[PDB]
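Residue numbers (full-length UniProt numbering), protein chains in the order written: chain A, 1043 to 1147; chain B, 848 to 943; chain C, 746 to 795; chain D, 697 to 745.
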Ligand SMILES: *[C@@H]1O[C@H](CO)[C@@H](O[C@@H]2O[C@H](CO)[C@@H](O)[C@H](O)[C@H]2NC(C)=O)[C@H](O)[C@H]1NC(C)=O
Ligand SMILES: *[C@@H]1O[C@H](CO)[C@@H](O[C@@H]2O[C@H](CO)[C@@H](O)[C@H](O)[C@H]2NC(C)=O)[C@H](O)[C@H]1NC(C)=O
Ligand SMILES: *[C@@H]1O[C@H](CO)[C@@H](O[C@@H]2O[C@H](CO)[C@@H](O)[C@H](O)[C@H]2NC(C)=O)[C@H](O)[C@H]1NC(C)=O
Ligand SMILES: *[C@@H]1O[C@H](CO)[C@@H](O[C@@H]2O[C@H](CO)[C@@H](O)[C@H](O)[C@H]2NC(C)=O)[C@H](O)[C@H]1NC(C)=O
Ligand SMILES: *[C@@H]1O[C@H](CO)[C@@H](O)[C@H](O)[C@H]1NC(C)=O
C-alpha cells in the first residue's frame, strides 16, 4: 500500500479502474547514535521493553525505534534477564529506579 | 544447431534488457540493504543497525523476547551458518 | 518467395497482430524483471570488514 | 544504463541511525478494473444480410 510505512489509503474512481492514494509515513532526518544491546547494572542485564538503547556520546538513553525520543533508562522501560556475562557488547550504565526517591523522602 | 535452424526461418531471440551482471548487482544491493540496514531501506532511508540488534528486532517480530537472541547469539549464528552451507550442498546435489 | 508474400497480403493484418502480440510479451518480460529486482533506487554496498 | 545512485551504508558493530523527523507521503497507484463489454453478432459479422 505504497512506499513507506503505510498509514491509510483513499480510493478514487477512474474510467475502467481505481486510483489509490496511499498515505504512508517516511522517516527522515536520521542521526547517528552509539548503540548497545543491553545495559549492565548491579550485575544484571537490562534490555529495552519496546525501544533501543542509544548514546549521544556521553549519556545513555532508551528511545523508540522509529522516531528519536530519548528517555532516561529506568526499570519501567527495561526488563532484567540474566547477568552481564553472556551478552556480547553489553555496556555499563546506571538504571534509575522510580521508587528510590519515593521511599527516601 | 537448434539455434541456427530457428534463426534461419525468421525466429529471433531478443536479448534481455537487464544483463545477468546487472541483476546480480541488484541482488547484491538488496542483500547489502537487508544486512546493514534491516527493513529500514525498503521503507525510506537506509538506517544502519548492528546485525545482532536487527536479529533481535526480528525475534521480537515473531513473539520471542530479544534476550533469547542475545543470550544464544553464538548458537543462532552457528545454526544459520550451518543451514546456509546445507543449502549450497542441497542445491548442488539435487537435479530436480 | 515474392509470390507467397503477394498471396499472404490478401489475409490482412494477421502478421501485424502476431508481431504486436510478441512485442507485448517481449516488453512484458523486461517489465517483470524490473518489478522483481529493481525495487531499490540506491545501490547499497557492504562494509569492507564483513 | 545506471542501475542507481551508489550508496555505502556506514555499518559498524555499535552504531545505529534513528530518524528524528518524518514525511507524510501520498502516492498514487492506478489499477485497471474492467474492460469494454463487447458483443458480436456472429452471423451478421461473417455474412451480413
Ligand atoms: C547528551 O544528552 C544529555 C542530555 O540531554 C546532555 O546533558 C545535558 O547537556 C546540556 C548541554 O550540554 C546541559 O545544559 C545539561 O545540564 C546536561 N544534562 C545532564 C543531566 O548532564 C549531554 O550534554 C549530551 N551530550 C552530547 C555530547 O551532546
Ligand atoms: C562494568 O562493570 C563491572 C563491574 O563494576 C566491571 O567488572 C570489573 O572489572 C574490574 C576491572 O576490569 C575487575 O577487577 C573486577 O573483578 C570486575 N568485576 C566483575 C564482577 O566482573 C567491568 O569491567 C565493567 N566494564 C566496563 C567496560 O567498564
Ligand atoms: C554516521 O557516521 C558515518 C561515519 O561517521 C557517516 O558516514 C560517512 O558519510 C560521509 C558522507 O556521505 C562519507 O563521505 C563517509 O565516507 C562516511 N563514512 C563511512 C565510514 O561510511 C554517516 O553519514 C553518518 N550518518 C548520518 C546520518 O550523518
Ligand atoms: C521536521 O521537518 C519539518 C518539515 O518536514 C520541519 O518543518 C519546517 O520547519 C522549518 C523551520 O522551522 C520551516 O521553515 C518550514 O516551513 C517547516 N515546514 C513545514 C512543512 O512545516 C520541522 O521543523 C522538522 N522538525 C525537526 C524537529 O527537525
Ligand atoms: C567490530 O567491527 C570492526 C569493523 O567493523 C571489526 O574489525 C571488529 O572485529 C568488530 N569487533 C569484533 C569483536 O569482532
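We put the CB at the ideal spot given by N, CA and C, even for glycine.
Straight-line measurement puts the Cα of residue 1127/A at about 53 Å from the Cα of residue 776/C.
Distances from the CB of residue 794/C to the heavy atoms of ligand 5 include at least one below 6 Å. With a threshold of 7 Å between beta carbons, residue 787/C makes contact with chain D.
Nearest neighbour of residue 1143/A by Cα position, chosen from 1116/A, 1123/A, 1122/A and 1121/A, turns out to be 1116/A.
For residue 900/B, the closest of 728/D, 722/D, 710/D and 744/D by C-alpha to C-alpha distance is 710/D. Judged by DSSP in its simplified three-state form, residue 1081/A adopts strand. In the three-state reduction of the DSSP assignment, residue 723/D falls in the strand class, which pools E and B. Inter-residue distance for residue 943/B and residue 895/B is about 39 Å (C-alpha atoms, whole angstroms). For residue 734/D, no Cβ of chain A is located within less than 7 Å of the residue's own Cβ. Secondary structure at residue 921/B: helix, using DSSP grouped into helix, strand and coil. Nearest to residue 1074/A by C-alpha distance, out of 744/D, 714/D and 720/D, is 714/D. In chain order, the residues positioned with their C-beta nearer than 7 Å to some heavy atom of ligand 3 are 1072/A, 1073/A, 1074/A, 704/D, 706/D, 711/D and 713/D. Under the Cβ distance rule, residue 730/D counts among the residues neighbouring chain A, one pair being separated by less than 7 Å.
Around the beta-carbon of residue 925/B, fewer than 16 other beta-carbon atoms lie within 10 Å, marking it exposed.
Residue 871/B does not reach chain D, its nearest Cβ partner there being about 11 Å away, counting only Cβ pairs nearer than 7 Å.
Inclusion of residue 789/C and residue 879/B in the CB contact set at 7 Å is warranted, their separation being smaller than that value. Here the alpha carbons of residue 697/D and residue 1051/A stand approximately 34 Å from one another. Shortest Cα-Cα distance from residue 1048/A to any of 911/B, 857/B, 941/B and 891/B involves 891/B. Using a Cβ-Cβ cut-off of 7 Å, residue 705/D does not count as an interface residue toward chain A, since no Cβ of chain A sits closer than that to its own. Between residue 1093/A and residue 1105/A, the gap from beta carbon to beta carbon is short of 7 Å. Between residue 1078/A and residue 1133/A, the C-beta spacing is below 7 Å.
Your pair residue 718/D and residue 1068/A checks out as a contact, with CB atoms roughly 7 Å apart and the cut at 8 Å.
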